[PDB]
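Just the one chain here, the form deposited in one PDB entry, laid out as structure tokens.
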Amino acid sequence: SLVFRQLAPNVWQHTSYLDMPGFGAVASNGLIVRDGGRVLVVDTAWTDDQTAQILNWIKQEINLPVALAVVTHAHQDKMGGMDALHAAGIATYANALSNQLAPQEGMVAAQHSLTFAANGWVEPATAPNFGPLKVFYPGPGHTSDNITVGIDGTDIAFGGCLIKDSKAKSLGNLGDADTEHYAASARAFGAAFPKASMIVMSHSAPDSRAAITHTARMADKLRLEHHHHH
């Protein structure tokens, strides 16, 4: 029941669905990147079973070992299949912040913690041999730990749950959101990958840079609508 879509010669988007009460089948997107003789993964599927299916798909269609996976935040849709990756002996990385949040929120932490420089770029020491994956922390947005990934050599940039599609009417649930800094975070992602033309998101189909601008704008409204009164 998994859907795979090739976005570039060496990049595929994996999509899995989870039936959410009141909403029905909700999609979640992640990435699969072929880097020479290795395969890198961005985010798990909704569940361990689906995540295991993703691995079987890789084995069948690419037949190359999966060297590592990066999970962009501590949420079901992105860290629901942590046990499956570990069972396959795949090294996992997540924002140190995400790893600290995983427990309290019943999520399984990644094995490795990523830390970031003041400008948002990941500290090399914590992200060994990530190949074309350029990990960037834009600052608190949808969640305080959300991170993003650019795929060097392509026009693709993964915004995770931070960026919403250009047709969205709102920023979604703001339970863990930082309404004051969301806008700056969205813009930081845009400036970090200035030439990316295909923006991939956790819950929306691929879109143009119009999604970044649209998201930042809704975020501007949200910011003064929640913090700029008396």
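Shifts are known only where both forms have a C-alpha. Heads up: residue numbers just count along the shown sequence, starting at 1. Rigid core here is just the name for the largest C-alpha set that superposes within 1.5 Å across the two forms.
This protein has a second form, the form deposited with a small molecule bound, left out of what is shown; the following refers to that one.
- Using a 4.5 angstroms limit between non-hydrogen atoms, residue 26 touches the small molecule in the entry with it bound.
- Remark: residue 76 counts among the residues lining the small molecule in the entry with it bound, judged by a heavy atom distance of 4.5 Å or less.
- Using a 4.5 angstroms limit between non-hydrogen atoms, residue 46 touches the small molecule in the entry with it bound.
- In the entry with it bound, the small molecule sits beyond 4.5 Å of every heavy atom of residue 186.
- Of the candidates 196, 171, 192, 32, 171 is the one whose heavy atoms come within 4.5 Å of the small molecule in the entry with it bound; the others do not.
- Proximity to the small molecule in the entry with it bound, defined as a heavy atom within 4.5 Å, singles out one entry of 181, 38, 203, 59, which is 203.
- Superposition of the core reveals a Cα shift of less than 2 Å for residue 210 between the shown form and the other one.
- In this core-based overlay, residues 20 to 23 form the only run of three or more whose Cα positions differ by 2 Å or more between the shown form and the other one.
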